[PDB]
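Survey of secondary and tertiary structure
Chain residues, written in single-letter form:
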4 protein chains.
Amino acid sequence: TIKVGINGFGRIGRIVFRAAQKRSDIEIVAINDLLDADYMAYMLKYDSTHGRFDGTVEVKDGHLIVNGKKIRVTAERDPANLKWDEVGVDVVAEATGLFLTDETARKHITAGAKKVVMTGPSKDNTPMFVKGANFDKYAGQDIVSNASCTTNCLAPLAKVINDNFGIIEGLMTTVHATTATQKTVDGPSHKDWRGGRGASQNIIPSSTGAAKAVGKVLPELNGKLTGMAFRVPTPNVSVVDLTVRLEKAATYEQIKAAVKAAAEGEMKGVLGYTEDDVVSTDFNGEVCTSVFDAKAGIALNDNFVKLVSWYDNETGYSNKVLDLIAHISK
Amino acid sequence: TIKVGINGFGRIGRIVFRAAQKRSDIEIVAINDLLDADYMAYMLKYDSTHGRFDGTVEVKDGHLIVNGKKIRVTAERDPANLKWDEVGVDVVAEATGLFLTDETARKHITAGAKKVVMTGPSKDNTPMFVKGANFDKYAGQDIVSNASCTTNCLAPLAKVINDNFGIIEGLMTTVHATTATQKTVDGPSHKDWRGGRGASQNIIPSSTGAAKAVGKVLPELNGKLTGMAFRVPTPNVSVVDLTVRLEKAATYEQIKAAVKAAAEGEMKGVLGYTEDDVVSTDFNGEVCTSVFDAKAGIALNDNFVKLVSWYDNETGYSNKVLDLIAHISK
Amino acid sequence: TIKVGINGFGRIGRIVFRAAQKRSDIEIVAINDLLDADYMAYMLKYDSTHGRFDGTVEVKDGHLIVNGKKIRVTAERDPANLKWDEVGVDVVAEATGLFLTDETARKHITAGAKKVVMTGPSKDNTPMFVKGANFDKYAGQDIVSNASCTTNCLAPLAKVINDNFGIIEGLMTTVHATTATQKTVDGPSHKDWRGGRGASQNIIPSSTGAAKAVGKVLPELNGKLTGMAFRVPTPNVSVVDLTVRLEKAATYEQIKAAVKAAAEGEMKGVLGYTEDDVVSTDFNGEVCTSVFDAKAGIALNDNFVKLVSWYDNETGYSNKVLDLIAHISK
Amino acid sequence: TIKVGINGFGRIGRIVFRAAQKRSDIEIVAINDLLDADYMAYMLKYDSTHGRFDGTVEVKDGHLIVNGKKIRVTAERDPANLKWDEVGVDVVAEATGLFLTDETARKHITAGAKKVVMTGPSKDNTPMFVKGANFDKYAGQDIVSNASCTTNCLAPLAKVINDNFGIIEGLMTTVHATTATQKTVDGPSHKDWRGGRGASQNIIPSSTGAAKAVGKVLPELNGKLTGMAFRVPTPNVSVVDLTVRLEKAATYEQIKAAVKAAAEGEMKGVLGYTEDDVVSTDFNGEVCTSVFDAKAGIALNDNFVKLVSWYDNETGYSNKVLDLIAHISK
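To keep things clear, this report deals only with the structure shown in the data block.

Things to note about the nonpolar core
Counting residues in each nonpolar core, the largest one holds 194 residues, and the members touching the most others are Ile255(A) and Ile255(B). Setting aside residues up to four positions removed in sequence, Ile255(A) forms contacts with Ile161(A), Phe165(A), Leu246(A), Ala250(A), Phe292(A), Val305(A) and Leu307(A). Counting 192 residues, the second largest nonpolar core, distinct from the first, contains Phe230(A), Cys149(C), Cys153(C) and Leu271(C).

A closer look at the pattern of salt bridges
In total, this model carries 68 salt bridges over all chains according to the counting rule given. One salt-bridge network, in which partners are shared between bridges, spans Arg11(A), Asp47(A) and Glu314(A).

Observations concerning the interface of chain B and chain C
Taken together, the contact pairs 33 residues of chain B with 33 residues of chain C. Carbon and sulfur atoms supply 57% of the area that chain B and chain C bury against each other, a total of about 2600 Å² over both sides. It is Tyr39(B), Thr184(B) and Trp193(B) that lose the most area in chain B upon contact with chain C, and together they represent 25% of the buried surface on that side. For the interface between chain B and chain C, the tally reads zero salt bridges. Across the contact surface, chain B and chain C share 18 residue pairs in polar contact. Of all elements in the fold, only helix 1 (11-20) and helix 2 (37-45) of chain B reach the threshold of two or more residues within the side of chain B that touches chain C. Looking at the side of chain B that touches chain C element by element, the count peaks at four residues for helix 2 of chain B. Among the residues forming the side of chain B that touches chain C, the class breakdown is 12 nonpolar, 13 polar and eight charged.

Side note on the interface of chain B and chain A
Between chain B and chain A, the contact holds 50 residues from the first and 50 residues from the second. Summed over both sides, the interface of chain B with chain A buries roughly 4000 Å², with 64% coming from carbon and sulfur. Among the residues of chain B in contact with chain A, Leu171(B), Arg194(B) and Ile203(B) are the three that bury the most area, contributing 18% of the side total. Our count for the contact surface shared by chain B and chain A stands at four salt bridges. In this structure, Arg194(A) and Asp293(B) form a salt bridge, with 2.8 Å as the shortest nitrogen-oxygen distance.

Some words on the pairing of strand 16 (residues 304-311) of chain A
Residues and elements named next belong to chain A. Of all eight residues in strand 16, eight are buried; the element is thus mostly enclosed. Alternating positions in strand 16 separate into two faces, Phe304, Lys306, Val308 and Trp310 on one and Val305, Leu307, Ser309 and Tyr311 on the other, with burial throughout. Pairing analysis gives eight bridges linking strand 12 (residues 238-246) to strand 16, with the strands arranged antiparallel. Looking at the pairing, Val244 lines up with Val305 of strand 16. In this structure, strand 14 (residues 290-293) lies alongside strand 16, joined through two bridges in antiparallel fashion. Among the inter-strand pairings, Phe292 is bridged to a residue of strand 16, identified as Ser309. Bridge count for strand 15 (residues 298-301) against strand 16 is three bridges, and the pairing is antiparallel. Opposite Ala299, over in strand 16, you have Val305 as the bridge partner. Counting the residues in the hairpin turn of strand 15 and strand 16 gives two residues.

What about the relation of the copies chain B and chain A?
With an axial shift of 0.0 Å and an RMSD of 0.0 Å, the rotation relating chain B to chain A amounts to 180°. Look at the turn and shift together and you get a two-fold axis relating the two. Taking C-alpha positions as the reference, the residue of chain B nearest the rotation axis is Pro233(B), at 2.9 Å. Comparing interface residues between copies, 100% of those in chain B also lie at the interface in chain A; the contact surface is shared.

Comments concerning the sheet that holds strand 8 (residues 143-145) of chain A
Residue and element names in this part refer to chain A. On the basis of which strands lie adjacent, the open sheet formed by eight strands has the order 3-4-5-2-1-6-7-8 and mixed pairing. Every other strand in the sheet has two partners, leaving strand 3 (57-59) and strand 8 as the edge strands with one partner each. Adjacent strand axes in the sheet meet at a mean angle of 25° when their direction is disregarded. The pairing of strand 7 (residues 115-118) with strand 8 spans three bridges and is classified as parallel. By the bridge assignment for strand 8, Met118 is matched with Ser145. Seen against the sheet, helix 2 (residues 37-45) touches strand 2 (26-32), strand 3, strand 4 (64-66) and strand 5 (69-74) and runs at an angle of roughly 170° to strand 3.

Overview of the relation of the copies chain B and chain C
In the superposition of chain B on chain C (RMSD 0.0 Å, axial shift 0.0 Å), the rotation amounts to 180°. Both copies contact each other with a shared surface, as 100% of the interface residues of chain B are interface residues in chain C too.

Some details on the state of the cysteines
All told, the structure shown has zero disulfides over all chains when counted by the stated rule. There is no disulfide at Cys153(A), and the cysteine sulfur nearest it, in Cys149(A), is 9.9 Å away.

Thoughts on the packing of aromatic side chains
Both the distance between ring centres and the angle between the ring planes are used here to describe each pair of aromatic rings. Residue and element names in this part refer to chain B. Within this structure, the stated rule accounts for 34 aromatic pairs over all chains. Centroid distance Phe283 to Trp310: 5.6 Å. Interplanar angle 20°. Geometry classified as stacked. Here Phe283 is found in the loop between strand 13 (271-274) and strand 14 (290-293), whereas its partner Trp310 is found in strand 16 (residues 304-311), with 27 residues between them in sequence. Pair check on accessibility: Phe283 and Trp310 agree, each one buried.

Some details on the side chain of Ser122(C)
All names here are of chain C. Topologically, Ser122 is positioned in the loop between strand 7 (115-118) and strand 8 (143-145). In terms of polar contacts, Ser122 uses its side chain to reach the backbone carbonyl oxygen of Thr126, at 2.8 Å. Every residue in contact with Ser122, bar those within four places of it in the chain, is listed here: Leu100, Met128 and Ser145.

Calculation criteria
- Residues numbered from 1 in each chain as written, not as in the entry; some residues may be left out.
- Chains lettered and ligands numbered in written order.
- Heavy atoms only, no water.
- Core = buried A, V, L, I, M, F, W, Y, C linked by side-chain atoms within 4.5 Å.
- Buried < 20%, exposed > 50% of the residue type's maximum accessible area, 1.4 Å probe, protein only.
- Contact = heavy atoms within 4.5 Å.
- Salt bridge = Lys/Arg side-chain N within 4 Å of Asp/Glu carboxyl O.
- Buried area = accessible area lost by both parts, 1.4 Å probe.
- Polar contact = N/O pair within 3.5 Å; in protein donor to acceptor, adjacent residues only side chain to side chain.
- Helix = DSSP H or I, 4+ residues; strand = E, 2+ residues; numbered from the N terminus.
- Nonpolar A, V, L, I, M, F, W, Y, C, P; charged D, E, K, R; others polar.
- Pairing = 2+ DSSP bridges.
- Least-squares fit on C-alpha atoms.
- Axes fitted to C-alpha atoms, helices over the stretch in contact; angles between N-to-C directions.
- Disulfide = S-S within 2.5 Å.
- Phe/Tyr/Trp six-rings, centres within 6.5 Å; stacked < 30°, edge-to-face > 60°.

These results come straight from atomic positions and should not be treated as a statement about function.
Have a look at this one:
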């Protein structure tokens, strides 16, 4: 099995851990964060959003024991001191959001790990990969990025649409759930003022190059998409609203059929499809990174349409982080 | 002064009442709803969203006394029995959402009132009017509609954009606050299933012909706009997200200047403009029916842009309901 | 197996249905409510609070098919016309909140059912039963009540405390989750004004004789307890805060040991016990009707203490509704 | 006028500033925090909870200008470097929560200020004062504490009750609004695990010696009161639930009359009284630090009663912080 180490036990770190427990190809052997093992065990056991951990967890002599397996717990502020090799870590899930450049993420390899997967879009030239879009483009690099949750929702849908009808240009909006970077009440947020305003009280406009980033994993769409977001008072699950002009005329029924076809074929497991009267909570725990909502979209004409797709910003992305780890280890 | 009677003391009814207290041209003399005067006084005095009533309110012998003036309180299930003439009602604000056709709203005139203003889009052929769009088209009709809150936000913005650059086609989304028609927990909503799902827990897709209705008050745009909505966990204030293709190339700076010009000119008081880092609560109590958010919008190119405009779905609309009443009484 | 019919497919009705699927002694064969079978299937399949139904559900010719079994779906406004005997209903779960008196609930027996269980406190003299308190007092009555969710949380705890140390007197408060009877925004609530105020915006004081009702299922405490509640902006799970004066001095450690003993003994399955840093969501789906929070309580002295106990107002109660059905069918 | 400097522009700092604008005896001349003047101006102008600033605010050459007066803006990490004397600061409102001991708060005096008022309970021996309880006990100390919001709500009520009927012992609970120290989603909170759980999703048990602290400002009650709290999903306004055993028998009507008397007499302006069907939002902006809710309380008998009192944890306390400043400057 692939030995994985997790750096950063935040929302993404804890959910990749949970999702990993079902895998048979991967095993989390170590976790690093400024948290004691007993507190780490507590954060794993109880989750406001996803409920109690489905398994056993306990602390035996400064060490965490999940489902019977020992997990090394450390608190190194510098990755280079992690000694991942002592625990035999093959790939490290860099989920701190602090080391998103080659030089910084490199420390993990210097520390004994073979490869690194950033659980966020890279800040430098590090290659990004999105399942359903360009995983096949992996060229053996030892340091990669799984891009962002929104990009993972948008890219798969955009590819289906572009491949079938040709996207001339598109603009998107993501009505996004509240996240850890936000504040409970109006507070300090130096770099993003709107982002400091009370999360549970507001609809908050926010910037995002997730739409632009689609152009990275799908070069054919480079420069044809951009967009923004609105953070709203929900704890989890977001939704993308994509408005596109099509090259080839396509009725709404043809669009639904094309997306349904991909969800049951080439993109099975990544792109989902529904015609039910769903609401956001219906996707809490959703593994697909993009679930097309047939009844929610609306077309003005056969060349100008508004498409809607759901995504559990925590679960979907986390499951694909593991998919990328397994893919670069092949 | 214009004597107005209010039928339906719901959110709209109570807020038009509050906003009317500042007017000098209008006076609310009667209110009709299945609520006792003392309960009516309580709903007026305390408001979770807008705070305590700024004035005096009390019940003196089965009758309500607001700011010193007597208000007739009745509970007629049938408008025809309202005897609006006994209290001298000139115009009636039909805010029950039950009489949105000529025949049904007619009962008010039969009851002694001269004219009727529906606080919602008409269901039949009754003419709709939106301030900043077609108030000048009023042709003395005795029964009119002020259309919907979203249409009041969208129409003014759409006119500025179309007049200046020509809208080829557009699609809009309104991230809308929760309203009285929604449910606190998953409950029965026969005609709109998604709409029955717990409001505070979900992002809820919802239909709306507000975009299409712009084509009514602005015939030049008929058939060029449509859209949908998402109800979210906030108590008040929504926002429109308008994606449009322009006939004439226009940089984002030119778009901002055109909207700012209208907000300070022809559309002063109806269309607002800001370049600040605003969030939804910053518009709780907003009188303008559409406040352009300069920093939130984003353009892909000079002919494909996404525009953002805020609106207090309760306050803005209510203030324009009174504006229409004053306009048809001129 | 015991054939059960459910009248009222509200929150309680749908959750008793879900919980029943795990039982082997009971089978839901019919459901009655003013909802079509396809809408009924939708409400069962998607739940904002408890997630998707763990099983199969579909509509085959005006009839619902859950997990392979056929469920009769009707829409009788009058229970007498239900013909429960045609479907062989043994016991009916009266969950409409409309028939809480013997005469009204009787119609079910007149309709062919053998016994009735009200999923709410009876309004007349009908006997109430709470598991862990007086199920053993059942005297073969054909119509019974399972009392209320709060009473089911309070009674078990009160019994342990009284039996061990003697309750001289107590006052309780339940910080209660929002329910279906509340409003999304300030709306009409004739009989309970505070209750009409926007649920997601307020802490709302509310009356409750749940504390007094403990005196019914536990006559030894009659007249020694009373209390009130506060409805807060959460979708599910409440908590009781019980302040009591004890006859016999008891340290806090002795209190915890006494409650822990009962949770693992006589009250196993009804009364739970924890010493973890739990929060409300940690009990979403909780089957025990009362989970003592050891670390949350606080004693002033050995004879004046404040005890805390959690309860999933939907799940716990629903599971005990089925427990009562199985008990009166023995 | 009294020249005041504010250290810490958090919720308390910004609200004391707003409330100060109405005072004629005090003037804020300087503010210190790690925030630029333009961002400081933004936080002052827009408030999710209390709406837009009622006045003028702008930045003229690195300096803030509020309502026409110049305000010095600095960013010293060490109070000793503040040079309060250069701006002529008489009293400093220490609102960072970092300097709650004499030695640390002393730096302000060393920096040129005459006296210091901690906007939080002192961690050392520094004297605490609560308006309505012991302001008259001020003995000219140069460094004082205004204790906590909850203590300011509880103490005034407790005094009225004790003085009139004699409190043998009491236990209290405060259903408290979410604050800045909490998290938007399950996050790290080393010293208080429950406190790290998603604020908008949970009812969160929390410790508090506010009840015990009443014994400091009212020595006659020392050791007779204690309690705890529950943080809930509301942005502002909390409520205390006080259960007390009385020495002298007192009907509920006698209790209401005693509290009403104090609210209109000795405690006018600090202790409020109502018999209306109020909800939490009805006190957003409330200046009294304790508003007795007559209809919400409930008595078991004439010697065991549960009393309820509201408080805007932001506004009330802030107004009394200024009251203490004015009192120690007399």
